[PDB]
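As structure tokens, the structure follows; a few thoughts come after it.
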Amino acid sequence: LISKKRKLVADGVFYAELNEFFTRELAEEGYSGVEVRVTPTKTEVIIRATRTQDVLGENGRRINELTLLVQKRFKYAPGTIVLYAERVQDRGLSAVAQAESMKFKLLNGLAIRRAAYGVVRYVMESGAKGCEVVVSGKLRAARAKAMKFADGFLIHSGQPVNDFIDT
Amino acid sequence: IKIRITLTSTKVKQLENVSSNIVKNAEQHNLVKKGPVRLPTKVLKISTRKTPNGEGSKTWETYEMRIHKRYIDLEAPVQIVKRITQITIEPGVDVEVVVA
Amino acid sequence: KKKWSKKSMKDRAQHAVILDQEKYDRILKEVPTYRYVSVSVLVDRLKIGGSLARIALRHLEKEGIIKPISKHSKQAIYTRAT
Amino acid sequence: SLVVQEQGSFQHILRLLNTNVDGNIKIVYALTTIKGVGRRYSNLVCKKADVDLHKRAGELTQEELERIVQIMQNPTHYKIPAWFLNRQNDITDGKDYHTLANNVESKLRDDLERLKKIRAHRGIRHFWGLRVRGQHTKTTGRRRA
Amino acid sequence: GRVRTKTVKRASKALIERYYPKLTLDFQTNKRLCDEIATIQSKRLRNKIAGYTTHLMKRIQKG
Amino acid sequence: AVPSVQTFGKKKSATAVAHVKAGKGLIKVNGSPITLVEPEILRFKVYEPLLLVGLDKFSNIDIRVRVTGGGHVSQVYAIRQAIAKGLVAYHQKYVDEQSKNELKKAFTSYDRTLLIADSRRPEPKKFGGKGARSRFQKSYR
Amino acid sequence: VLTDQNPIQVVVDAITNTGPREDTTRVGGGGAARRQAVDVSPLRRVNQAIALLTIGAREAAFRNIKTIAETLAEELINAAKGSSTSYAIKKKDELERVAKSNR
Amino acid sequence: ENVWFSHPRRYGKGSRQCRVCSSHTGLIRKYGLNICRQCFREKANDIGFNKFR
Amino acid sequence: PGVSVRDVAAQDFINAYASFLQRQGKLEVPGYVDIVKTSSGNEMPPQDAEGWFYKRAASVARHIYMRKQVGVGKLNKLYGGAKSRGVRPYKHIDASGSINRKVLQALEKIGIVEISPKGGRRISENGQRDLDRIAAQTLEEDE
RNA sequence: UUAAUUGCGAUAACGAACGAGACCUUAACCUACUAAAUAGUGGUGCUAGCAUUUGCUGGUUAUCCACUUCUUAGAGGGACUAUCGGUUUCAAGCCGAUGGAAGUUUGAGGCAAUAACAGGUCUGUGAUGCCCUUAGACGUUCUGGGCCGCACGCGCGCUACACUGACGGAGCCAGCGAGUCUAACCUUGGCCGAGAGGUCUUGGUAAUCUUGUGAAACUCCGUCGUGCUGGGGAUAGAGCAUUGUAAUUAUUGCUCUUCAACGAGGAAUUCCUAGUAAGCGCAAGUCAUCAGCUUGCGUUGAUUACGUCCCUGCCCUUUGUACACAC
């Protein structure tokens, strides 16, 4: 119907919109990632998340609302859009999930040093070859300071960075 | 009835294995066809300045998107095309079927 | 507002643009003995213009005195047949 | 390879259109050097007059100069498509007119003066001596004072 | 810059130490032996290793 | 079938595909005899393989070269390289390899680039300048 | 067509004769930039000969009725023969003088 | 009143706005993605616009 | 033997064919010639006032004879060029569509060409035969 | 020695990490492996022409075949200094002869360590610490303007200062790239015309169409010939219409005109080792309209260089120091 280039660009922008929505609200529900399954007359979207039992809602109401939002937005018949929720092993393999975890920890009021150290220790138990956490901004100070913690080896350049790392 | 199945994805390995298994299915189910016609990789180049503001050296970067396109013509029965649509479906590849 | 130049005048040469009989016969009697024939040499030796030089060359080659070797545009090389 | 001998009927100076003009050069460009007339116009009027282009303005006959000036001062006499004129649909008449050496400056004076007397923006710009085509005057074009 | 990196250095030393009999001076055979006795994730890196092994064997053939 | 050999000549962007086989002994380019490109110098430049090998030994062998891509110089260079390569292929597939080896030796002695394409490929232009290695300028005040 | 002898011979003779056989290089030293005379390689001899040749040709062809082709031909004829007026040799002898004197 | 928005916005950057930060200036319209340049820089990593050269 | 147009030297053949065409002189010339500059990007009229029309007609006939089907736009793109747009740089400018179309119509009337499917013109059989016959006549009367 | 704490090696160091290198895309070889009515190579009826005599061009799309040698995807293979000659505790390396594709990593890029600038950025945002409007507000909008204003100085730039020309007629070239679904883009066509202009669908969700992008300089024949002149195109005016309901402080495109400084430019400074400096252009970006700009690509395509620390910079070591926001 319309051009394939614009079609897949809209695919990308819709992916960005849904990722922004998920990371904006489902973050405190342990949201980690999404992948869109395209099927004739069906849009399956998968979600591997950490706090699945509390993102689910009592008898699938929140999942129903997430579904029916985009359903009514693109005049889908109910059931055509479907989102599935699973839990992945080794939750430390989710940079976004760890990001939102210590993000909430800051608004809770934990110490930055201890909190970041706990995050990096959780990751080291998860089994990362290298972990690196930088916190930048005001640290009981009126001048912006940037500080970092690291363990293991952390490659900084190359397609090994483009693929193997998580940021 | 004189349909065309085309694949316009950007996942190169998923496209490759999709084409491979579709070819294997067609050959093993004895449907005469010509090989998957392969189109030139369409590259989309979008050039953008790094700096949000107007400062810094006049540095540039070019974001690139790649598109691989394949198509195959099938003259195959209604029940068998229903079977092909409903099975051997592999995600990650945007595959669409038209007629003529 | 300032001219900002020297603009000294030229030599005001006597290059001949129109051709009369006293120049026709003059160039006819002066073109012999000249090993190399060209528009530039005609201009520099007869003080004649480009139009007159080309017109005279084509008239002479029509009459038949010297057989040319190349008629390439922007560069005409001629020699006398002796 | 035509050759025509010029007799004593040639004049070292020729006075046409109330201005001195130099002969000895091509007819078309002897017309171009006239004020208000240029390359294309001179060429097309020579074509209408049916004069040999290779010929120079010096070696022309009396009826040839007369037909040249006739086509210059009245194209409608020689069946010209009538839109070739230089100043058409003017203010004074509103129809197609033709301009010559004095005429260009006379009519320029007239219509610029109309602009000044109506105090139009273009006219006031011409009075000030500034750019009237909306050009950029901040940096470029300082050599006019 | 025909020098080789330290990873090529150590790969050559180690794999020659316990793979001397299987490879020889022949370049193509060295390539086709190292590729199969090694798990190299780069064709260019494999070519580097094979070239250094041939250089080492040329060194060994005398002295 | 007819014994016919298909080769090509290449330059910057000019591809010239040459078909050589048993014919009446004529060389035609883009449907035209090779005499009528009319650069008056590139004519002899594309004559060079023919003037070097001699046309006598190919009395009933004809070549049809069709050219595309690139400018005039690149096109005539692809023409000469193709009319050489097809000739060598014919001398290998249908005439003695004894003659083929010496013919390609003569081609190499005349010029290496007639059989081996120029490795001078286009160089991409980088941002920050009008040219591949040319930067815009550099002002101080 | 003029001087019907071998055209390649006369142009190679012009190149050989016009080749600057000795010139000089700038040397800083200290306090003042001075000049010191050296002899030059045949590569640079022939390159400078043809460079001066074509520079004089372009100068003599710039803004005149004379075409670049025949101005270059007459420049080669003068460079092969030697008439103290050609651009190429008139700068060759000038550079030789400013090298010998600087020496 | 019905003349609150009389002046048209059918062309120019009055119409073109970014789909992320509602930008009007710097809107790259190409391919119909309608986002500003810095938003494109930020979201290329996640959308799938990858830098190779 | 059979001699095709792509075998003969372009310039002298075209000139001889134009001279023969001019001597033939039964083409019903329009007359508005000697007014146009043959392009919108040109700045100066052509030189040969009394002619150049048989030149243009023979050129377009030869071009359409070698090609398969080209239109007025293709002819304008091919015959056009760049215009010196003042201090602005040069860009391609198309040739004169009115004269291109009118020579298209004149060649239609003399029957060398005909309308074609897909838009454009093809070469009529009589056009082929007469153009190539006059090519042979030029080859037989040039010496 | 290399471009490199690249390595060889020596050795109060041994063992590790990052950067570098590796890494990935682009261009360059295969006449070989799987595939191209979105095209041809090779054979026939429709074939027409040159023409009669034995060859070239194309169309004829359920009109009959093998393939990709020309538009292409892939375990693809291959330059690892491969072989050899010279110098080096002859170790790492460097200079030379070549089929082979290049033997400066075969090129050109992306990413790029640790620390820092108070370098840009609140003008990218329902992001903020601290001050400002809280109701004749700085909150959203309407009509005009303005950022284009010009005595002047500067900064990438385009055309130039003519004969390798200017102009005129004829012969041909590819590539990066874009293009209309609830809106109307790229425009293939008949036509009325000096040109710019004015119609209904046939073409297109795009190897099929726009687009052999028939582009520009470029090849052949022609006018002018050294006059600030047919060079240079700008400052004036007269007209013709798609843009915008709105050009006007010419928006723009064509025709006439105008014929202005400019005759290669002082001190002073930018890019450059191969298809690259440069000259020509083309596609996209911002596009209702407007490129002289930018991002890339393509055509024509050079002598220059294989060295240096002399000027300007970088790193390391040694060294002096009364410096330490650090000459």
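Naming: A, B, ... by sequence-line order, numbering from 1 per chain. Computation of the quantities below employed the complete heavy-atom set of this structure, encompassing side-chain atoms and omitting hydrogens, waters and symmetry-equivalent molecules.
We find that NZ of I:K77 is positioned 12 Å from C1' of J:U210, with the value rounded to whole Å. Per the geometry, CD1 belonging to F:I116 stands 16 Å off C1' belonging to J:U106, to the nearest Å. Note: CG (I:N76) to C1' (J:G193) measures 13 Å, nearest angstrom. We find that NZ of H:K30 is positioned 18 Å from P of J:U294, with the value rounded to whole Å. The CZ atom of G:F62 sits 5 Å away from the P atom of J:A162 (whole-angstrom rounding). Between the P atom of J:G124 and the CZ atom of B:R49 lies a distance of 13 Å, rounded to the nearest Å. Look at CD1 on G:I65: it is 12 Å from P on J:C224, rounded to the nearest Å. In this structure, the CG atom of D:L130 is 13 Å from the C1' atom of J:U235, given to the nearest Å.
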Check the interface with nucleotides 144-146 of chain J: list each N/O to N/O pair with the protein under 3.5 Å, or write none.
none

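Residue contacts for D:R125: at a heavy-atom cut-off of 4.0 Å it reaches the sugar-phosphate backbone alone, with no base atom in range. At a threshold of 4.0 angstrom between heavy atoms, the contacts of F:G71 include nucleobase atoms, whether or not backbone atoms are also involved. If you check every strand for non-hydrogen atoms under 4.0 Å, F:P122 touches sugar and phosphate atoms only. When heavy atoms are screened at a 4.0 angstrom cut-off, I:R101 is found touching base atoms of the nucleic acid. Here F:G23 lies out of heavy-atom contact (under 4.0 Å) with every strand. Residue G:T67 is classed as a sugar-phosphate contact, given heavy-atom separations below 4.0 Å to backbone atoms only. Among the atoms of the strands shown, only primed sugar atoms or phosphate atoms (P, OP1, OP2) are found under 4.0 Å from some heavy atom of B:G35. At a threshold of 4.0 angstrom between heavy atoms, the contacts of I:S84 are confined to the sugar-phosphate backbone, with no base atom among them. Using a 4.0 Å heavy-atom criterion, one finds that G:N64 contacts the bases of the nucleic acid, with or without backbone contacts as well. Nucleic acid contact class of F:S134 (heavy atoms, under 4.0 Å, all strands): sugar-phosphate only. Within 4.0 Å (heavy atoms only), I:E43 reaches sugar-phosphate atoms of the nucleic acid but no base atom. Heavy atoms of D:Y29 sit under 4.0 angstrom from at least one base atom. Within the nucleic acid shown, F:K21 has no heavy atom closer than 4.0 Å to any nucleic acid atom. Backbone-only contact: I:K91 has heavy atoms under 4.0 Å from sugar-phosphate atoms and none from a base.
Between I:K55 and J:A170 there is no side-chain N or O to OP1 or OP2 distance below 4.0 Å. The side chain of B:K69 contributes no N or O atom lying less than 4.0 Å from OP1 or OP2 of J:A36. A sub-4.0 Å separation between OP1 or OP2 of J:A174 and a side-chain N or O of F:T68 is present. The phosphate of J:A236 has neither OP1 nor OP2 within less than 4.0 Å of any side-chain N or O from D:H126. Between B:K42 and the phosphate of J:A178, there is a side-chain N or O to OP1/OP2 separation shorter than 4.0 Å. Note on F:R112: a side-chain N or O is less than 4.0 Å away from OP1 or OP2 of J:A102. Side-chain nitrogen and oxygen atoms of D:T137 include at least one within less than 4.0 Å of the OP1 or OP2 phosphate oxygen of J:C150. Close to J:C224, at under 4.0 Å from its OP1 or OP2, lies a side-chain N or O of C:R54. An OP1 or OP2 oxygen of J:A79 is reached within less than 4.0 angstrom by a side-chain nitrogen or oxygen of E:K31. Listed pair F:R66 / J:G58 meets the phosphate criterion, a side-chain N or O lying under 4.0 Å from OP1 or OP2. One finds a side-chain N or O of E:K6 lying less than 4.0 angstrom from the OP1 or OP2 phosphate oxygen of J:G7. Residue D:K35 places at least one side-chain N or O closer than 4.0 Å to OP1 or OP2 of J:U258. Distances shown here put every side-chain N or O of G:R58 at or beyond 4.0 Å from the OP1 or OP2 atom of J:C163. Between F:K125 and J:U295 there is a side-chain N or O to OP1 or OP2 distance below 4.0 Å.
Proximity of I:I99 to I:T38: side-chain heavy atoms (C-beta onward) are separated by under 4.5 Å at one or more points. Between E:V8 and E:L45 there is a side-chain heavy-atom pair separated by less than 4.5 Å.
Between the P atoms of J:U243 and J:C70, the separation comes to 48 Å (whole Å). Only the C1' atoms considered, J:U180 is 27 Å distant from J:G296, to the nearest whole Å.
The base of J:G59 is not paired with the side chain of I:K118 by any donor and acceptor separated by under 3.5 Å. A donor-acceptor contact under 3.5 angstrom links the side-chain atoms of I:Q47 to the base of J:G222. Put simply, the side chain of E:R46 and the base of J:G77 share no donor and acceptor less than 3.5 Å apart. Side-chain atoms of F:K12 stay outside donor-acceptor range of the base of J:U299, with no qualifying N/O pair under 3.5 Å. Remark: the B:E61 side chain and the J:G110 base include no donor-acceptor N/O pair separated by less than 3.5 Å. For I:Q128 against J:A48, a side-chain-to-base donor-acceptor contact under 3.5 Å is present. For a distance-only test at 3.5 Å, the side chain of I:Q11 qualifies as a donor-acceptor partner of the base of J:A170. Between the side chain of H:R29 and the base of J:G285, no donor-acceptor pair of N or O atoms lies under 3.5 Å. In the interface, the side chain of F:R120 is paired with the base of J:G275 through a donor and an acceptor atom under 3.5 Å apart.
Legend: residues meeting ring-ring contact (aromatic ring centres under 6.0 Å, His included) with E:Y52, ordered by chain and number and at least two apart, are absent.
A donor-acceptor pair shorter than 3.5 Å can be found between the side chains of I:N15 and I:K55.
Without both centres closer than 5.5 angstrom and planes tilted by less than 30 degrees, the six-membered rings of J:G292 and J:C293 do not count as a stacked pair. Stacking check, J:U87 with J:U88: both criteria met, centre separation under 5.5 Å and interplanar angle under 30°.
Put simply, I:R122 sticks its side chain into the minor groove, getting closer than 5.0 Å to the bases there.
Side-chain atoms of G:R63 lie closest to J:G263 of the nucleotides J:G93, J:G110, J:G263. If you check J:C262, J:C181, J:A178 against the side chain of B:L44, the one that comes closest is J:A178.
Along RNA chain J, the nucleotide nearest to C:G50 and the one nearest to A:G152 differ in position, and the one closer to the 5' end is contacted by A:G152. Of the two residues near RNA chain J, E:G1 and B:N53, the one whose nearest nucleotide lies more 5' is E:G1.
The glycosidic torsion of J:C80 lies within 90° of 0, which places this base in the syn conformation.
The environment of B:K58 atom NZ is sparse: at most 12 non-hydrogen atoms of other residues, nucleotides or ligands sit within 6.0 angstrom.
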Sequence-aligned protein contact record of nucleotides 153-159 of chain J, with B where the base is within under 4.0 Å of a protein heavy atom and S where only the sugar-phosphate is: BBSSSBS
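Judged by Watson-Crick or G-U wobble contacts below 3.5 Å, the nucleotide J:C224 has J:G165 as its partner.
Sugar conformation, J:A32: north. The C1'-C2'-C3'-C4' torsion carries a positive sign.
Between the side-chain ring of D:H121 and the base of J:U249, a stacking contact exists by the 5.5 Å and 30° definition.
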